[PDB]
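Chemist: Chains as they are written, first to last, in this note's numbering: chain S, 1 to 234; chain Y, 235 to 468; chain X, 469 to 702; chain Z, 703 to 811; chain W, 812 to 920; chain B, 921 to 1029; chain V, 1030 to 1152; chain G, 1153 to 1275; chain A, 1276 to 1383; chain R, 1384 to 1491.
Next up is a structure, given as structure tokens.
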Amino acid sequence: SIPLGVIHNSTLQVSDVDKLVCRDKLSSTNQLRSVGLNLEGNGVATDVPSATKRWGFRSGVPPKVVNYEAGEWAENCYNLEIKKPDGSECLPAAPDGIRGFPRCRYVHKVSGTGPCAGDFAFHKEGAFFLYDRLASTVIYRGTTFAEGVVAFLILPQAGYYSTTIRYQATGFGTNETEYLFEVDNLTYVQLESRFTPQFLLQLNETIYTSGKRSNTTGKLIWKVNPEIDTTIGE
Amino acid sequence: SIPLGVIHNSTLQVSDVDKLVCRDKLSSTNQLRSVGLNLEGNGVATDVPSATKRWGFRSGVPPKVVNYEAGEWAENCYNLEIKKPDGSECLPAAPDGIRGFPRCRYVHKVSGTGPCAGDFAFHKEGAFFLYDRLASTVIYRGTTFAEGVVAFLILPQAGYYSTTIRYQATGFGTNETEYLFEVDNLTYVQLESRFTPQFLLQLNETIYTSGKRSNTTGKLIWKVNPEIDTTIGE
Amino acid sequence: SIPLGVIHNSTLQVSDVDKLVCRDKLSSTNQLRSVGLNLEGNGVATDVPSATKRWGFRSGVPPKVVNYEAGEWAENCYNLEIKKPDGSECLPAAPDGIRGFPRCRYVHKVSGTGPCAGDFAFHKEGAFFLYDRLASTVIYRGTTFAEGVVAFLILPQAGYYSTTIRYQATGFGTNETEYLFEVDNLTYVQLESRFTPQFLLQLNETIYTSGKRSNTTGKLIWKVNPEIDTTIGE
Amino acid sequence: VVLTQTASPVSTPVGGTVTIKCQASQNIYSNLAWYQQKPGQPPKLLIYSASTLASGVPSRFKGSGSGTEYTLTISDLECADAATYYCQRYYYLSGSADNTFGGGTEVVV
Amino acid sequence: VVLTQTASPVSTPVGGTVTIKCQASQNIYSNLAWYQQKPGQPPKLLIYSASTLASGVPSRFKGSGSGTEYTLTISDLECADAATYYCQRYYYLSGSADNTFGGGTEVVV
Amino acid sequence: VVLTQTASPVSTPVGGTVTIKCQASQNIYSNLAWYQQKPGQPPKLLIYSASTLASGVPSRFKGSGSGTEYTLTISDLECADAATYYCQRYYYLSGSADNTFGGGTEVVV
Amino acid sequence: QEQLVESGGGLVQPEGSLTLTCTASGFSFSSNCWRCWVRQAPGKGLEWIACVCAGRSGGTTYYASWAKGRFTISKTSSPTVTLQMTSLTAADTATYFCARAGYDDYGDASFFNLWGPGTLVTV
Amino acid sequence: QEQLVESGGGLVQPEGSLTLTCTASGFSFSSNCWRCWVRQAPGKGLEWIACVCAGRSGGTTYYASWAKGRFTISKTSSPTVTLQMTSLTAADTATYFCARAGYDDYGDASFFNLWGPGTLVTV
Amino acid sequence: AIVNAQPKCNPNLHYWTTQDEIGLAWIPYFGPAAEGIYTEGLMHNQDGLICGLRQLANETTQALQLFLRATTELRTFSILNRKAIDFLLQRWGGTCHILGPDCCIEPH
Amino acid sequence: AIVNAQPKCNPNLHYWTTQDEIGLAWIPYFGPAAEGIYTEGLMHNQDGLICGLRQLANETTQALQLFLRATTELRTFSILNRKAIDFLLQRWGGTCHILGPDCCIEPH
Ligand SMILES: *[C@@H]1O[C@H](CO)[C@@H](O[C@@H]2O[C@H](CO)[C@@H](O[C@@H]3O[C@H](CO[C@H]4O[C@H](CO)[C@@H](O)[C@H](O)[C@@H]4O)[C@@H](O)[C@H](O[C@H]4O[C@H](CO)[C@@H](O)[C@H](O)[C@@H]4O)[C@@H]3O)[C@H](O)[C@H]2NC(C)=O)[C@H](O)[C@H]1NC(C)=O
Ligand SMILES: *[C@@H]1O[C@H](CO)[C@@H](O[C@@H]2O[C@H](CO)[C@@H](O[C@@H]3O[C@H](CO[C@H]4O[C@H](CO)[C@@H](O)[C@H](O)[C@@H]4O)[C@@H](O)[C@H](O[C@H]4O[C@H](CO)[C@@H](O)[C@H](O)[C@@H]4O)[C@@H]3O)[C@H](O)[C@H]2NC(C)=O)[C@H](O)[C@H]1NC(C)=O
Ligand SMILES: *[C@@H]1O[C@H](CO)[C@@H](O[C@@H]2O[C@H](CO)[C@@H](O[C@@H]3O[C@H](CO[C@H]4O[C@H](CO)[C@@H](O)[C@H](O)[C@@H]4O)[C@@H](O)[C@H](O[C@H]4O[C@H](CO)[C@@H](O)[C@H](O)[C@@H]4O)[C@@H]3O)[C@H](O)[C@H]2NC(C)=O)[C@H](O)[C@H]1NC(C)=O
Ligand SMILES: *[C@@H]1O[C@H](CO)[C@@H](O[C@@H]2O[C@H](CO)[C@@H](O)[C@H](O)[C@H]2NC(C)=O)[C@H](O)[C@H]1NC(C)=O
Ligand SMILES: *[C@@H]1O[C@H](CO)[C@@H](O[C@@H]2O[C@H](CO)[C@@H](O)[C@H](O)[C@H]2NC(C)=O)[C@H](O)[C@H]1NC(C)=O
Ligand SMILES: *[C@@H]1O[C@H](CO)[C@@H](O[C@@H]2O[C@H](CO)[C@@H](O)[C@H](O)[C@H]2NC(C)=O)[C@H](O)[C@H]1NC(C)=O
Ligand SMILES: *[C@@H]1O[C@H](CO)[C@@H](O)[C@H](O)[C@H]1NC(C)=O
Ligand SMILES: *[C@@H]1O[C@H](CO)[C@@H](O)[C@H](O)[C@H]1NC(C)=O
Ligand SMILES: *[C@@H]1O[C@H](CO)[C@@H](O)[C@H](O)[C@H]1NC(C)=O
């Protein structure tokens, strides 16, 4: 059965079904609560190259959605738009009532292509995609989400500015996926798994101030050197 | 919280959450009942020119729907079909399961054009639109509804002839709106805010009998004099 | 009210609302159960000519669906594909979340034409079409189902082969309906109301082995003699 | 909005039915009117709202269509039915008066 | 119901694909049949249900379309594929037996 | 996949608005590109993804459409805009690199 | 294999009468029982006339709106089916075909899969 | 009985000025108030000029995009409505029609049901 | 108590409800259409019940609107179940003194 | 008790919720947009509540996933109601001895 957390004397315990605990008291349904917690609070990798490898594609399982009433402020959120090589769409459209996560600090908008096996994108570890008060088990197209888990509790008897970072992915869903951080419609930077979002913003600002933007009709891809870490090469 | 009314010895009293009342008894869920009462029973204006000024347009607020199990016969019900000047439609279509009010004496079918700001039509006073056993917060296209409110109760332990009146409005939703009561596809009557439906039917009968219908291909709009109230001018 | 079954001492009794019994014990919602039982367990005719006469078309009644948590293995299941003479479809498409019956031995797939009055196909005897854990009151197009009913219980305190048989019906929905069992895209057998599915499979095998299949571009319809019951005529 | 008509001097023997197709560059929510213009005379209204038949018009003419595609069918073509035909998109005079006419299609008996 | 074909003496060099369109005045729920008629000989059925190949017909011919527009495509063209082509809407004999033919579109090799 | 263009030597007086329609054989999810080829010179990309304008191309050209039907519209046609036009479907190079060109439509000033 | 030869037709003065006969052989008549007549004016399109369910008891006879009363199809127990015409106007000169209806997964439909050579009628 | 005859128009030298008058009779002017002008070049299509709500107080004067600051219409209390044009050019040589806007169930629209004989303006 | 502050009060309530309680009428195939499943009544006799009811319905709307705004349901059907569960929890929620004022177990 | 087996723990829970509790703000027409109905809070102080609560969240996910798989709901909104009903049934679900260890009734 679903475990239920009881808060007593500022301590958390698991309710015991067989043993009837008399001191536990429930006066009204207001005390019952469900709260969603992000996975980043457990100290897990949050960069796109490491984040996108926890999701897989499958077919033959219908998606399910369950609500939650409270959440935690999220520093990293993701927004996916993936196309098949012929041009079709992989991720299903967002059903009515589903909206993006309300409180995000950085939103990693990733758009790219991939083989797109299966029909739906599930979480390989069994977690949920939180969305807005509606945690689902699949990813919807163009909707901000954040990986998290839902817990149930009996409560004791008693600015916001976002930032969007734009990526481009080739071979999404496979073990050989290539990511590029987009600074302009023509200029890109090769992406590693060690760059914090603030470092990416600083790279953007440095590239613009240094006049490193592409001036031709072709594409320009920079590559930051590993040692100096401030001299972008090519 | 939501107030709950209790009926004891033919008297209605609001149940008190903190005070535990011993005399209150609830034997089954059949006693609980939700009833929808119309606003016209409170003594409010019911004619179209005054009624249409209680509705506004907005955007960014999703609509919500609740149920109720019992209602009241309504003397006046409305039915709207509004279009933008370019030709598009303002009011959203009726979702599956939504049906018109089952008991209406007069139905004021109103069709016209207006700026149609926002996305949804809300009630300015905070009331609900009662469809068939469903109270909504928005108006659906071409569906009969009645203005009303919902109350919850604990019950004590123990033909139909509708008439359709057709209107036409220009500049719906603005402060300067003109209404025209339609007696024929070619003949109209200027509408004021002091005509009861019986008077409108009498005017229709007088128009048909006196032979004041338009005979050309143009439009003829009559205007009743304020003093005599029986000799229509133009 | 809906009766509730109580099981005690391996005996089943209908719960009495007015008389409060204290012997019965309820501990958790796990004890409450809903079970769907097939009509064929009551000893009713199951062949297509007799089964299809219990369903009738109607208009003006919305459909309703109620779930159940346990069912019974069904030996006969049905699948309908009906079109109007002009070419339009009669049965509505299956809504989201509706799937065919999981455990079916023989699936009778019937495709044909009929007048198709009304809007929805209801059961003349008031039973349900079970589907997959969602008993409905109407028939959906292309979805396997099985006739049956639903019961509610309080539980006491404590391989799979599918065969599809294809038919073809003309005049479906009327009293004068002609059925034909299909052994090939060009060869058919006239259908009587006394052939078990195994008999139809044996007829198919005899047709294939004895070389009675149609060799021309036209249709060939066989008729089995009643007396000998093994020498198909025409 | 650009209105593209049949753009061809269509000829049809007497007794048959002719069809004129009026395409649009965007959805117009069935706001078209059909006009015929004999040489010299001012045009005359035939069909408004893309389906309604204007007063004083024989039932031979019919209009249909939706979205961006709309058709006018002249049934039982006659000798007098020889004029230039136009499709017009109009607006509601509550807040606008913009109107765009079609190219014009000639019919030959 | 009125059916409008391509209505043109289509000419195509040998080896190329030729496409014929059979528009309808309403939805017909994919009830079209494509026939080929050589001069003098009776017509021969090619396609029924707008997609199914008739028996003994080469796989070169293909049919598609739905709603009010349907197409017949000949991928590989030979000298023998020079005849008139027709599209008809048919009913099921359980109800009415109405059958409406098209106009006819000739093909020049 | 078969791409069928307007397939006509379209003639338009200087200052008009010419339109070229490129129909497909199936849904292609808006993966078209438009090329203008003058006699002798190599083609030049004009519009990619069926709506986006290529760099260094005047905003005079406009592409639209979806599903299986797409159009390219040239406004106020000048004497310079006299060349063959092609519609072309492409893939994304992560998977296949297949691509098919249209028949080709010529425009006369 | 299967033949739908037809007999009759020729030169007849206006406002006259003539009977066409359709003979069928080479296929199961009881199974494929629908027989229809199609008219084609010289150089024009085809036109349905009438249909009959010949080969089994019951059935129905379906006529066209344009051809009512002037034409009559006969239900003969034999596979041969006759069509009788009266009041032959000058516009009736055409080629007549006897055709057999086809079938789909949902039953027999109006499309014809077998045709006859066609007979000439001139008035 | 119901007419929209027009007066004025003819031959004018370029860079001139002209005034046209539209007269109506036989129908309710207060009810049917919208009057519009249409231009047709010789051998060309029709083209809208301007509209006015003549017949009641208030209203709005809608002008075409290409004709701004020119082809000014005048709101006259009488049913007659005047349109004056200045800075005439040889392109303006065309036929001018005076039309009455129609109505629908949702109100009055820009489609015109009653036209006038039309005058000729030559530059 | 409840005092009606509305401009006017209609003393009579002409109501309709869907609950009914014969032969084959229960079968949907032979049952009444969607328009004939209602009943009728008139509570002409009253002792201030109707005037109190209208004011109570007016008062409830603020809480109802706030509750609807808070939730994410497209259609809410479970308000009465919540009320019943809250009533039971308030009556019996844990430790129950036999003679305490918080319990209704009268001794005799 | 619950022991946190996660690799690392964030001891502060900066949370947002929807429940609030003026003038015409309750009316949807004059109400806030869909993005301004949330609040904020920060439970900086805890006696290990946050670190054990995260482990409880991790622990409950297997049962939650199995329950979601079992049901046919497109969207589930009634888990808390089931928990409350189970709580009430466990406390009082039949014959209840006054002095029995399975009952919450105490004598005095
Ligand atoms: C429960 O019962 C109460 C009491 O009956 C109702 O309260 C009503 O609330 C509405 C608005 O929510 C009030 O309407 C307001 O009227 C103001 C003007 O007062 C008029 O009415 C009084 C009545 O005595 C007259 O004396 C006076 O001359 C006026 O005719 C308006 O100023 C308000 O806003 C208007 O103006 C603003 C600014 O211009 C606009 O933006 C608005 O759109 C609007 O035009 C508003 O209209 C009403 O007066 C209240 N009743 C009483 C008796 O005072 C509750 O509404 C009711 N509950 C429900 C759910 O209906
Ligand atoms: C729970 O179990 C009970 C068993 O008692 C079922 O009751 C059955 O109800 C159906 C109808 O709901 C009855 O069927 C009716 O049969 C009549 C004729 O009786 C036939 O069956 C008896 C059985 O002994 C034979 O003796 C007799 O010769 C007949 O063969 C019909 O007249 C009824 O209507 C028919 O005619 C009318 C008028 O023409 C038509 O409009 C109808 O469409 C139909 O053709 C009807 O068919 C059946 O007899 C009842 N059983 C018993 C044993 O009495 C419940 O239905 C079941 N509940 C559920 C939900 O399954
Ligand atoms: C609740 O909390 C527990 C513990 O905190 C979480 O357990 C984690 O479970 C995941 C998988 O479910 C583990 O991730 C796996 O790591 C493997 C390598 O191990 C690394 O990490 C361990 C940590 O101890 C080191 O010892 C080791 O040296 C490695 O550095 C990977 O190989 C796995 O990938 C393979 O399996 C997955 C799933 O089968 C496939 O999809 C892959 O393709 C690949 O084949 C996997 O990634 C993780 O290590 C566990 N954590 C700990 C601390 O043990 C629960 O996941 C958590 N519950 C929820 C719902 O979040
Ligand atoms: C990268 O940084 C540049 C420079 O700050 C951003 O370009 C400016 O962004 C601000 C808002 O962030 C705009 O107001 C300016 O108009 C932009 N252009 C300038 C200053 O020339 C750019 O948006 C940043 N890109 C990302 C992805 O964050
Ligand atoms: C206005 O009154 C006229 C005449 O009283 C109505 O026209 C008649 O309506 C009845 C039923 O409504 C029909 O049976 C008659 O055939 C109608 N024509 C007659 C009597 O000549 C008209 O429907 C009324 N309109 C409204 C809106 O009430
Ligand atoms: C009817 O009988 C034929 C002949 O036995 C079946 O066709 C065979 O089906 C088996 C499967 O049981 C295959 O292994 C064979 O390869 C099939 N052979 C041929 C020639 O088709 C057919 O499936 C039967 N149909 C039904 C509905 O039972
Ligand atoms: C990805 O998987 C394929 C599977 O065949 C394998 O060949 C390839 O080496 C893998 N790539 C990496 C980087 O592991
Ligand atoms: C309607 O509101 C506008 C807003 O500016 C105002 O100008 C106008 O006078 C108002 N109309 C009336 C009749 O008060
Ligand atoms: C079917 O019902 C019709 C209704 O009139 C009747 O004419 C016909 O004889 C019936 N057929 C059979 C076989 O009962």
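Each residue gets a CB set at the ideal place from its N, CA and C atoms; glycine is no exception.
Under a CB-based cut-off of 7 Å, is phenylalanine 1056 of chain V close to chain X?
Modeler: yes
Chemist: Should the region 1330-1337 of chain A be called in touch with the region 1391-1400 of chain R, which here means at least 3 C-beta pairs below 8 Å?
Modeler: no
Chemist: Anything in chain W within Cβ reach of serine 556 of chain X, meaning under 7 Å, just list it in chain order.
Modeler: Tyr840
Chemist: Nearest by alpha-carbon distance to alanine 513 of chain X: which of X:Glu543, X:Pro530, X:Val534 and X:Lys487 is it?
Modeler: X:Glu543
Chemist: Using a Cβ-based criterion (distance less than 6 Å to any ligand heavy atom), does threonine 1336 of chain A qualify as near ligand 1?
Modeler: yes
Chemist: Where do the N-terminal and C-terminal ends of the alpha helix (DSSP H) with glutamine 728 of chain Z fall, by residue?
Modeler: Element bounds for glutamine 728 of chain Z: n/a, residue is neither H nor E.
Chemist: CA-CA distance, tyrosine 990 of chain B and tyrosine 968 of chain B?
Modeler: 12 Å
Chemist: Buried or exposed: where does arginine 1350 of chain A fall if 16 or more other Cβ atoms within 10 Å of its Cβ makes it buried?
Modeler: exposed
Chemist: Hey, out of S:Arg54, S:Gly114, S:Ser28 and S:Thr29, whose CA is closest to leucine 39 of chain S's CA?
Modeler: S:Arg54
Chemist: For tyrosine 1135 of chain V, which residues in chain X fall below 7 Å Cβ to Cβ?
Modeler: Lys551, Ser579, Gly580 and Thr581
Chemist: Below 9 Å on C-beta distance, what does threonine 721 of chain Z contact in chain W?
Modeler: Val813, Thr815 and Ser836
Chemist: Closer than 8 Å between beta carbons: that is the criterion. Which residues of the region 162-182 of chain S meet it against chain B?
Modeler: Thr170 and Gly171
Chemist: According to DSSP, simplified to helix, strand and coil, what is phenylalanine 1470 of chain R?
Modeler: helix
Chemist: Taking the continuous alpha helix (DSSP H) assigned at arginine 1437 of chain R, which residues delimit it?
Modeler: 1432-1453
Chemist: Among X:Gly524, X:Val503, X:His576 and X:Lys493, which one has its Cα closest to the Cα of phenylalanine 640 of chain X?
Modeler: Shortest Cα-Cα distance from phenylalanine 640 of chain X to any of X:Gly524, X:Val503, X:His576 and X:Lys493 involves X:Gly524.
Chemist: Locate the alpha helix (DSSP H) running through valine 44 of chain S, then write down its first and last residues.
Modeler: Run containing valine 44 of chain S: none; DSSP gives neither H nor E here.
Chemist: Under the DSSP definition of a beta bridge, which residues are partnered with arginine 791 of chain Z?
Modeler: Z:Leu734 and Z:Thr802
Chemist: Looking only at its chain, what residues have a beta carbon closer than 7 Å to the beta carbon of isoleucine 470 of chain X, apart from the 5 residues adjacent to it on each side?
Modeler: Cβ within range, chain order: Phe620.
Chemist: Return the chain-ordered list of same chain residues with a C-beta closer than 6 Å to the C-beta of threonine 655 of chain X, the five sequence neighbours on each side being excluded.
Modeler: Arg681, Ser682 and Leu688
Chemist: CB of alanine 361 of chain Y to nearest heavy atom of ligand 1: below 6 Å?
Modeler: Between ligand 1 and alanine 361 of chain Y, a heavy atom-to-CB distance of less than 6 Å is present.
Chemist: So, with DSSP's three-state summary, where would you put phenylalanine 640 of chain X?
Modeler: coil
Chemist: Any contact of the region 397-417 of chain Y with the region 327-343 of chain Y, i.e. 3+ C-beta pairs under 8 Å?
Modeler: A contact exists between the region 397-417 of chain Y and the region 327-343 of chain Y.
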